[PDB]
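Q: sequence first, structure after, both from an experimental entry:
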Amino acid sequence: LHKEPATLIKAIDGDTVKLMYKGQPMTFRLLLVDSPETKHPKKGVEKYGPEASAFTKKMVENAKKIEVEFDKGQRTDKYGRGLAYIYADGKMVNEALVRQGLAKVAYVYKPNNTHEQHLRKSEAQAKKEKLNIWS
């Protein structure tokens, strides 16, 4: 797997960010994580949704460098969003959310599952620490 440079355009949700990638504006969905949502009427503004959302936004907004890391599987989902691990100054946003109990680890579709074990490890610690979601 390799990291590629990208530029923040806009944070949209806890698990969704708009980036400039290879000169094109593109919406990325964060791989392997399920964040409470501020969007979708088939929920709405769920609990911790605004919290997960502010965490992703500060994290990408305050970074000097953002990088995208595609996994081994498909790189787009059916809605046209890129499927990636997103890094803010070397720190994986996907892992940070889960470590803070602000996301669960998603149902996982091989072969897009390289960092699966790492995140499950962070998710067990957040639950052990009874953080946010896990409170």
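A: That came through fine. Numbering: from 1, shown residues only.

Q: what ranges does the chain have for its helices?
A: 49-61, 93-99, 116-128 (DSSP state H).

Q: can you lay out those as CSV showing mean neighbour count and distance to residue 10?
A: Where C-beta positions appear, they are placed from N, C-alpha and C, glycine not excepted. As requested, the helices of the chain are exported to CSV (neighbours: other CB atoms under 10 Å; distance: least, CB to CB, whole Å):
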stretch, mean neighbour count, distance to residue 10
helix 49-61, 19, 9
helix 93-99, 24, 14
helix 116-128, 16, 25
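
Q: for residue 18, which of these is the nearest?
A: Nearest to residue 18 among the helices of the chain is helix 49-61 (9.9 Å), distances taken as CB to CB.

Q: ok, now how distant is the nearest residue to residue 12 once chain neighbours are set aside from residue 28?
A: Leaving aside its sequence neighbours, residue 12 sits nearest to residue 18 (CB to CB, 6 or more residues apart in numbering; 5.9 Å). Distance of residue 18 to residue 28, given as CB to CB, to the nearest Å: 7 Å.

Q: repeat for residue 38
A: From residue 38 to residue 28 the distance is 17 Å (CB to CB).

Q: middle-most residue in this protein, spatially?
A: Nearest to the mean C-alpha position of the chain, by CA atoms, centre = their mean, lies residue 30 at 3.3 Å.
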